[PDB]
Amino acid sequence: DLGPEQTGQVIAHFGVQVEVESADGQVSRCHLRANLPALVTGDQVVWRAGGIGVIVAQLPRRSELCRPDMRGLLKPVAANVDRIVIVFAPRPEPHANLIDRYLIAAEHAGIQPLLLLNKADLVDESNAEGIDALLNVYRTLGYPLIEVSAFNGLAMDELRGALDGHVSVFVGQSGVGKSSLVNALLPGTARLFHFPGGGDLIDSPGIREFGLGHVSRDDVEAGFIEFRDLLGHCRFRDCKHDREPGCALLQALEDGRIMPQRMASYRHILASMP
């Protein structure tokens, strides 16, 4: 016995079994057919019913969020995420370095980012010279940025709007309010939840620690939008972009098409990779 084929999305992964939600808005547990590739939360599948179903086939993923293995290798932990929400705050102090890192991860994963200044209620006149400075570094790169407070409620209906129609992941250093933010947007391994205003979320303590490990220099360079356009124009195809004339990047910095705050963390980060 097996009912007809159906289209659905993966909600939870209970090892041998998988929680699956359909377009109808109904949930069912489905066993995993043997031949089937590895599945993660967010994946789109074909299944048949029987209250237990059988997952028959996996539909292509649009995107993948990976995470380091027990060994140290990257294995996917979520699928079909189209937005990564990078959350920082006035406290603890935000550094360009870690932000520039999460921005690279988002590029490596092939997923569009969205920066979030949480704890905007803590933006004193004292902080603003230092804060508006850093915000407008990513504002002038074309990146989406919102200033919010999961304490106040400041600009939360814009975030709910920014999250509408997307599948989103919440990522940032600990203590910026990731838990507080989820709870504010959802009052009551990777699991998938739906925002009441619209859009979905995939969450787990492991995905929250999602960031950047060791990669290639050419990966890192691709993580800088200013860079992507120029790379391959430095005359020296062997250019290291350091004291080298004919370095397109260098000329760009001079002209102001690269910001020194960025050209710095590029050096700091690349020199952290082996």
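Numbers for residues come from their place in the sequence shown, where the first is 1.
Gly188-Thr189 interval: deposited residues absent from the model | The entry leaves 10 or more residues without coordinates here.
In this entry, is the chain continuous from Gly50 to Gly51, or are deposited residues missing in between (none, 1 to 3, 4 to 9, 10 or more)?
-> Unmodelled stretch: 1 to 3 residues, a short break.
Using the B-factors recorded in the PDB entry, average over the C-alpha atoms of 39-47 and of 223-231, then report which stretch comes out higher.
-> Stretch with the higher mean C-alpha B-factor: 223-231.
Comparing 68-76 with 87-95, which has the greater mean CA B-factor as deposited?
-> Taking the mean B-factor of the alpha carbons in each, 68-76 is higher.
Choose from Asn118, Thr140, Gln112, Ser168 the residue with the greatest Cα B-factor as stated in the PDB record.
-> Each of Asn118, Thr140, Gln112, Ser168 was compared by C-alpha B-factor; the highest is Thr140.
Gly197: which third of its chain by C-alpha temperature factor?
-> For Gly197, the deposited C-alpha B-factor lands in the middle third.
Report the third (lowest, middle or highest) to which the CA temperature factor of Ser22 belongs, ranking only the modelled residues of the same chain.
-> As the PDB entry reports it, the C-alpha B-factor of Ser22 lands in the highest third of its chain.
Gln173 - Cα temperature factor, lowest/middle/highest third of chain | It belongs to the lowest third of the chain when residues are ordered by C-alpha B-factor.
Third of the chain's Cα B-factor distribution that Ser149 belongs to, per the entry = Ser149: CA B-factor falls in the lowest third of its chain.
Is the Cα B-factor recorded for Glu129 in the lowest, middle or highest third of its chain?
-> Highest third - that is where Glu129 ends up once the chain's C-alpha B-factors are sorted.
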